[PDB]
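Residue-level structure breakdown
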Amino acid sequence: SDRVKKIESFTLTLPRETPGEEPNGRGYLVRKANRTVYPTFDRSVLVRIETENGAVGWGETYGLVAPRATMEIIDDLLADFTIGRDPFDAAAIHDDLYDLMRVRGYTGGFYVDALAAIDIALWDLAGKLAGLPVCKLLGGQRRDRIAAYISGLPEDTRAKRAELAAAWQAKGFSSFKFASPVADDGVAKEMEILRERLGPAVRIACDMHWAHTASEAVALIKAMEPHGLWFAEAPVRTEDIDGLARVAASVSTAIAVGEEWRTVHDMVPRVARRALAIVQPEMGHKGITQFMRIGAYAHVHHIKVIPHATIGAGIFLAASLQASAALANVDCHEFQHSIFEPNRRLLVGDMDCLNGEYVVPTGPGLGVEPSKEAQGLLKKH
Amino acid sequence: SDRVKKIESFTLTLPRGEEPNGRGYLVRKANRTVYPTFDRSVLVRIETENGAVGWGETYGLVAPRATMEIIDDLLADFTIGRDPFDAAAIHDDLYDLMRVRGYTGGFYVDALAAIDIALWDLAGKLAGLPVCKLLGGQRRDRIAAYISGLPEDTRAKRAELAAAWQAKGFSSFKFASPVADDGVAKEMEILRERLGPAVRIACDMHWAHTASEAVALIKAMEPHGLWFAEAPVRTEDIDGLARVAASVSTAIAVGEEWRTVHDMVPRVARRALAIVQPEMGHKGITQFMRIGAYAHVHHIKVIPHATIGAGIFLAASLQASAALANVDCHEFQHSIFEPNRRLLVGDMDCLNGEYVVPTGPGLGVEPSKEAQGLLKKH
Amino acid sequence: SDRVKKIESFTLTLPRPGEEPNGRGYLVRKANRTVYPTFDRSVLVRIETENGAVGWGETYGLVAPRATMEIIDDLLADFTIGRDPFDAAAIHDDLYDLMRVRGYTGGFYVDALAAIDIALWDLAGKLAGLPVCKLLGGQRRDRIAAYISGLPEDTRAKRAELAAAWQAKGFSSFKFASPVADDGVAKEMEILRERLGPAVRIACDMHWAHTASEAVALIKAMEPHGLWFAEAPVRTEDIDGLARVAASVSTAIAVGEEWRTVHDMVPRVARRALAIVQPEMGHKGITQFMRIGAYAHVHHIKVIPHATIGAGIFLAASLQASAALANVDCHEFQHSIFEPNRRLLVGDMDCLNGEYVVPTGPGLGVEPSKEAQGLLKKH
Amino acid sequence: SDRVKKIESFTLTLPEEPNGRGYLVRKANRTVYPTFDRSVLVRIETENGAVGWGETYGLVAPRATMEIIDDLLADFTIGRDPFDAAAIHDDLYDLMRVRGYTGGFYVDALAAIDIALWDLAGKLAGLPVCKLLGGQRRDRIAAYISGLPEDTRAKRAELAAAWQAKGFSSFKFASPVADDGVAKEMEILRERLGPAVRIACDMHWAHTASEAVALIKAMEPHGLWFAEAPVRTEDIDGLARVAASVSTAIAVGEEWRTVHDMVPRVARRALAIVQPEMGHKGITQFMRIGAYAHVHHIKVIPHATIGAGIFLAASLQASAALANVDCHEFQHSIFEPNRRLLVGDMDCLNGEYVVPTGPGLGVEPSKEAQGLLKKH
Ligand SMILES: [Cl-]
Ligand SMILES: [Cl-]
Ligand SMILES: [Cl-]
Ligand SMILES: [Mg+2]
Ligand SMILES: [Mg+2]
Ligand SMILES: [Mg+2]
Ligand SMILES: [Mg+2]
């Protein structure tokens, strides 16, 4: 039976772009507002895995910052220990790979990014080898469409953002999220405009972008609640578990977190403190094995799953849809309009998002692969 | 895309102030539990449109027609037409049928289990893969086995039945605390100085103790090296079990009588076990794996129960256990497993203190023709 | 010295998107993924002593009733025959023990104990010439306040009209199901509270399918209209969720209809997760019902029994047990079940002017009519 | 149906200097003791002439108890149906609860009335009390030897020996009586009686948690059955700490009055065994405590004390109906002399109580007894 023969990693850089916030000599800028670094152009790391019989699997992970660090991990360590393995042992292979370095504490960050790209490609292969979509190897397909929500409203002013939203509503979308930092007029007002414009039927959530104390977050949420708030995301710092638990206990709005996590181990202490109502796994950080472990833990603990979505060619997005098709508790899924649209030329397969819903790809494996054009754009490590 | 077409249920009977009654049931004065005089289980045969067949099995010791009725009157119709690659999702749908009325354990889940195992059996045949390869990977093809019990009337006779099993490769054992007529310290003391400081020896305490009673028995065993202590208190006595777990340095093991991962949650939350012992015949592959995944997340070891059966749910257990990270050992019913080799075709085996995980597609085992002829339809 | 002689089990059937029943009469409501028969059906048990005294029990028979009758006929019956009905609670414990170590501690198994248990108490009452409640510590009341269990109409307004009609007949306590509140629970509470006035009590049955935070939000939206209790806010196994809801809302949380034994209650109470317990006699039997009522008493929890489809036998047992409990406030009443089934019983169990009349005679004070017995289908 | 017609109450007397009233204080435990044993009895008669008997403590100021019965409770009981016995208990408890009369003499007084009404109930139905409590589970009840009233360790060991030879295999000694330390006491008794018997210790309250834990750790090597009353009744924190700090079972309850007393202790996991005293509690409370124990997998080992035998009879009936009854205390010193005061088959021999067989309590005061009653 077929075994992994070779593994290659590449970056894929895209022409889509991100006062005193100019990129540095390496193409990185920092937003003074949040002290977070951003690259100038979209970019992700892809991994190509081929078996002895010539089957090919594709995986993908973040590559926004120092992507050659991730590729070095794949190339220097993981590749040589994955060659020879059976892709049907994907989750066990994942655990083996994770154990290589766990006792030295490389149990997140770049290390799990690397693991994810490999994990996704092995699962892609398993599906192809068996002639099944990945969700049929994950316990079954529960749905073939997944509701999508508009990830944000990147406009200059409140008025404009609200119109942008109404445009999307016209296309069949009835769930939306805005980021609190962009709310120049304040969250209460943003919420007011959106509710007014869009009506009482739509769901409206707010991503608070982490930088608040528990008390600051509570005040902001309370100010939004009168206008019908779907959920509040990332109200406090990642490390501030006590803060997160206080916030969830203090407001009646569902609290959502998780996009910056890496493994199910990250979820456990937040559930222990009943600090979240919704988990938001980002497939590109986690890989299928962990993303499923988080979704299953959410099932046991009665937490809703609303996966994150981000900059990427569509490979880990495809994995996110497959895994999401197989999870009991997946309600809805983030949708990045300005990323999904332009990236269409990069993919072959029938993945789509239209009329407020994702279409889960149907072919074996992920159901999608990089187009000939995409494969030409790839730059090998 | 192949689909479930028909489902049939059967019983299969195997011969082994407490006389059996009209219907062959007796009650041990010792533990107030009911027993059949004849061992019996419930099998399920599932066939798809294209003619693939899957087999499942659950308990049938008592009122097995009740379980077959659940299967035949309710579950069958909601399974027929489904894709067996959706086994887990099908499990959740069937469980939801009756959950709001509180049918979330006992006979209802026994019924779900037999169907679940059959469906997974089909998924593997259709993919031409062992079930463990549909459960995230095969992590082992052998699973260490421990000797379930030593049924003899004397502390000395028991110490022998054991030594013999030891002479056959086995190096882990368990004894039942009620069987120890001389006291459990005697039992431990003897077994230890008769099998060496090598083997692992555990005690199944059979539920009937208060926390403080159980702590006393355990401390009297601990000097002799106690591998684990199973079922030290009543199933309902979660506080009791938490107190026991915290008061002794011995691993506490529970789980054979549960049905779903939901049963495990409250016990993990009280740090009330170090080992979970799922019984596949009660749970099915879907629940078994969920319990094993939960154990993995919570750093709990997995030592699956084994029991009276044809070998169908046992084969399921072995497949699930090959795919679990935290499976250390697996119980071995020597008295049962032994004479049932004539009921199965496939390469499932146990020797030299280890189970061999069956290799074929699906569970890797099926009832022989001779076994199917013994089946009594519902 | 009269002992149990024989035991028989029967069913009793009664008329009433892609949800068409299948060839076995079962449909699944897409909304809640739950199965329903297209026909009321319960399981009855008839127990007779050496001396010819007869007692009746009843329990759920909505789905696979044969399974429950099989547990009674194959297992439980032989171990009851020969025993003294005045040992009903002792007997229940013995039968529970037969299978407890294998985990048959709820579901169909306890349904089976319940029918047997109720018939035995019926007998002990008949044999003593006393109402069941005079064997349960004493009668404390002979009338039990009743509340309207549901409002089966398809608009908010038609549902308010329905409640007002019941108000006209002397009812002053009501409950609606959140899944039917097409306008939302807030709007539902508003029209009910406006149509019926400031004095009526209005509860919401939330029907399990919510996360704790979804539940808290729904409840907060209802509270400004004076919410009596919120029932089944989250999944049964979601005890963490249940505790968090109770701790986050000022409204009384009610649970219990789907439990089986007092053991089910302990962990919820230990988490302070309920203000009201709602035992269902048809699932529990009198022994378990009363142990739950007494646990409630010690823990200052109100008891508001559930009511459901049935012949009226387990209902009667519910009224007897209720008449003996300190903490019984009111009792659920389903007209739709109750009125039709009047033909099926001899005795004085009634419900009018917002109150259950507790049956007078010995035992349960009721028994199936000739007509009913003529409809029984033996297992 | 028959109804309560009248109620009367009486004392019955039986046989560090006592004061002019019969009371002495033991420097040891600061507790007061009468010189003559004494209890309070109540006699209840129906319209139709049925008669029930009940009893409670009368050791100290028995007139206070009888006064509560006579002045308050009697008039609110006359007219009620005895089959409502438990409902009547709650009604009576409620007369005074808001003023905080929820234990002590008040509940003593309720207990005597409760016991009499249950008697009437059984009699009226022609049933032993246990058949009105949900069934009889047993007719014999393992008994254990309450104490070893000897001035020397060697002598006590022997007295236990005599008892072992008459069929008893469970024993308890009081830690204060142990002149050479509780460790030496356990050791000798364990050697004299072998490794089979159960030996418990009643520590008589007067210890801090840490004192108690040290004493118990000293005893444990010698096979300790349970430790009773290790700290003050009000010291629930201390009780919890004791239970959590030793592996031995902790036993309490003899001085409680109601099931509400038990809840706070169970909540702190502070006990493995409850020791209800029928004389303080009555059948209603006794049974409620017994059921609460059942739910929480706690053992029930009822206490026994100086008495006529009426509340002892109630205790056996109740215990015959309890699921969790392990054994029952045995006061040989009281029980044997007192036999002449009772009519019925209540017995204790070969290490077992025989539960009375007749209807109601199955026992009633002898003609000699009734002659000796002093009315209130
Ligand atoms: Cl890193
Ligand atoms: Cl069941
Ligand atoms: Cl007082
Ligand atoms: Mg975010
Ligand atoms: Mg076991
Ligand atoms: Mg309800
Ligand atoms: Mg004492």
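Residues numbered from 1 in each chain as written, not as in the entry; some residues may be left out. Chains lettered and ligands numbered in written order. Part of a larger assembly, values for the part shown. Heavy atoms only, no water. Residues with missing side-chain atoms left out of burial classes, pairs and counts.

If you check the header, you'll see the entry was determined by X-ray crystallography and the resolution is listed as 2.012 Å.

Per the PDB entry, chain C carries the name Enolase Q92Zs5 and comes from Sinorhizobium meliloti. In the PDB, the structure is listed with the title "Crystal structure of putative isomerase from Sinorhizobium meliloti, open loop conformation (target EFI-502104)".

Looking up chain B in the PDB entry gives the name Enolase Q92Zs5, with the organism given as Sinorhizobium meliloti.

So, about the overall build of chain B. What chain B contains, in helices and strands, is 12 helices and 18 strands. Relative to the compact-globule value of 21 Å for 378 residues, chain B shows a C-alpha radius of gyration of 20 Å, a close match. (Helix = DSSP H or I, 4+ residues; strand = E, 2+ residues; numbered from the N terminus. Rg over C-alpha atoms; globule rule 2.2 N^0.38 Å.)

Our next topic: the overall build of chain C. Looking only at helices and strands, chain C features 12 helices and 18 strands. The globule rule puts the C-alpha radius of gyration for 379 residues at 21 Å, and the 20 Å found for chain C is close to it. A principal-axis box enclosing the C-alpha atoms of chain C has dimensions of 60 × 45 × 40 Å.

All names here are of chain C. Residues annotated in UniProt with the feature "binding site: Mg(2+)" (unreviewed entry) correspond here to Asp 205, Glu 231 and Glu 257. Look at the named residues: they lie 53 residues apart in sequence, but the longest C-alpha span between them is just 11.3 Å, so in the fold they bunch up. Residue placement: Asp 205 occurs in strand β8 (residues 201-205). In this structure, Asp 205 is in contact with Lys 175, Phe 176, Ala 177, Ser 178, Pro 179, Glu 231, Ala 232 and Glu 257, ignoring residues within four places of it in sequence. Summarising the element assignment, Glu 231 is placed in strand β9 (residues 229-231). Using a relative accessible area of 1% as the deciding quantity, one classes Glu 231 as buried. Among all residues touching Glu 231, those that are not within four sequence positions of it are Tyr 147, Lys 175, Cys 204, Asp 205, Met 206, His 207, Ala 254, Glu 257 and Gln 278. Polar side-chain contacts of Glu 231 include one of 2.7 Å to the side chain of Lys 175. (UniProt positions renumbered as here; feature names shortened; annotations may be inferred. Contact = heavy atoms within 4.5 Å. Buried < 20%, exposed > 50% of the residue type's maximum accessible area, 1.4 Å probe, protein only. Polar contact = N/O pair within 3.5 Å; in protein donor to acceptor, adjacent residues only side chain to side chain.)

So, about the interface of chain C and chain B. Listed as interface residues are 44 residues of chain C and, on the opposing side, 45 residues of chain B. Interface area, chain C with chain B, both sides summed: about 4300 Å², of which 55% is carbon and sulfur. At the boundary of chain C and chain B, one finds 9 salt bridges. Residue C:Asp74 is joined to B:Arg23 by a salt bridge in which the shortest nitrogen-to-oxygen separation is 3.6 Å. Counting across the chain C and chain B interface gives 25 residue pairs in polar contact. Top contributing element to the side of chain C that touches chain B by residue count: helix α1 (residues 65-80) of chain C, with 9 residues. Looking at side-chain class alone, the side of chain C that touches chain B contains 20 nonpolar, 7 polar and 17 charged residues. (Buried area = accessible area lost by both parts, 1.4 Å probe. Salt bridge = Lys/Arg side-chain N within 4 Å of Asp/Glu carboxyl O. Nonpolar A, V, L, I, M, F, W, Y, C, P; charged D, E, K, R; others polar.)

The geometry of an aromatic ring pair is captured by two quantities: the separation of the ring centres and the angle between the planes. Here the structure, examined in full by the defined rule, presents 50 aromatic pairs over all chains. A centroid spacing of 5.1 Å and a plane angle of 85 degrees characterise the contact between C:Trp166 and C:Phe171, whose relative ring orientation is edge-to-face. For C:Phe171, a relative accessible area of 3% gives the class buried. Among the aromatic side chains, those forming a connected cluster through ring pairs are A:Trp168, A:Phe173, A:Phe335, A:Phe340 and A:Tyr358. Over the face of the ring belonging to C:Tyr36 we find C:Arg29, whose NZ or CZ atom lies 3.8 Å from the ring centre. The cationic tip of D:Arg26 hangs over the ring face of D:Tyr33; the distance from NZ or CZ to the ring centre is 4.3 Å. (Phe/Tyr/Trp six-rings, centres within 6.5 Å; stacked < 30°, edge-to-face > 60°. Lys NZ or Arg CZ within 6 Å of the ring centre and 35° of its normal.)

All names here are of chain C. Looking at chain C, the domain boundaries give domain 1 (1-138 + 360-379) and domain 2 (139-359). A separation of 23 Å is found between the C-alpha centroids of domain 1 and domain 2. Across the boundary between the two partners, domain 1 contributes 43 residues, which contact 41 residues of domain 2. Between domain 1 and domain 2 the total buried area reaches about 3300 Å² when both faces are included, carbon and sulfur atoms providing 61% of it. Where domain 1 touches domain 2, the interface holds 3 salt bridges. One salt bridge in this structure joins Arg 343 and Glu 371, with 3.2 Å as the shortest N-O distance. Looking at the side of domain 1 that touches domain 2, the elements that each hand over two or more residues are β1 (4-14), β4 (40-49), β5 (54-60), α2 (88-99), α3 (107-128), β17 (366-368) and α12 (370-375). Considering each element in turn, the side of domain 1 that touches domain 2 owes the most residues, 7 residues, to α3. The residue inventory of the side of domain 1 that touches domain 2, partitioned by class, reads 21 nonpolar, 13 polar and 9 charged. (Domains from an automatic or database assignment.)

Here we come to helix α7 (residues 241-250) of chain A. Along α7(A), the residues classified as buried are A:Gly243, A:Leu244, A:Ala245, A:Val247 and A:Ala248. Residues of α7(A) that are buried sit in contact with α6 (214-224), β10 (254-257) and α8 (264-272) of chain A together with α7 (239-248) of chain C. The N-capping residue of α7(A), defined by a side-chain oxygen 2.9 Å from the backbone nitrogen of A:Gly243, is A:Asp240.

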